[PDB]
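A.B. asks: got an experimental structure here, sequence first:
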Amino acid sequence: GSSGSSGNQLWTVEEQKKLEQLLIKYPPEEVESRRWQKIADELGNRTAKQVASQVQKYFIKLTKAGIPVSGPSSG
């Protein structure tokens, strides 16, 4: 289906696939911050934060899009 898509400032297939993997290698823990820090370090290009936000639209954007991800927006 999707088979990839375009994006002005969206991740790149290269990273996309990378993260997905790192996610498995790096399991959850008490602190979610430290978690992203580890993965990001591996990526080299991305950062804890950048990775954190991505995760949101990776796990939350799966529950039949039932959970609110955004609200007051435009454009």
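C.D. replies: Now that the structure is in, tell me what you want to look at. Residues are numbered from 1 along each chain as shown.
A.B. asks: using CSV, write out every CA atom in the helix or strand where residue 14 lies.
C.D. replies: Under the criterion of DSSP states H and E, residue 14 resides in helix 13-25. Presented in CSV, the C-alpha positions along helix 13-25 are these (Å, rounded to 0.1, in the frame of the first residue of the first chain):
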residue,chain,number,x,y,z
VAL,A,13,13.7,5.6,4.1
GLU,A,14,17.3,5.2,5.2
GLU,A,15,16.5,6.3,8.7
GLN,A,16,12.9,5.1,8.8
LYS,A,17,14.1,1.5,8.5
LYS,A,18,17.0,2.2,10.8
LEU,A,19,14.8,3.4,13.7
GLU,A,20,12.3,0.6,13.3
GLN,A,21,15.1,-1.8,14.0
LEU,A,22,16.8,0.2,16.8
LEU,A,23,13.4,0.3,18.5
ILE,A,24,13.4,-3.5,18.9
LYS,A,25,17.0,-3.6,20.1
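A.B. asks: can you report how many residues neighbour the closest residue to residue 56 other than its chain neighbours?
C.D. replies: Of all residues not flanking residue 56 in the chain, residue 69 sits nearest, at 7.2 Å (Cβ to Cβ, 6 or more residues apart in numbering). C-beta: built from backbone N, CA, C; applies to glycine. Look at residue 69: counted by other Cβ atoms under 10 Å, it has 9 neighbours.
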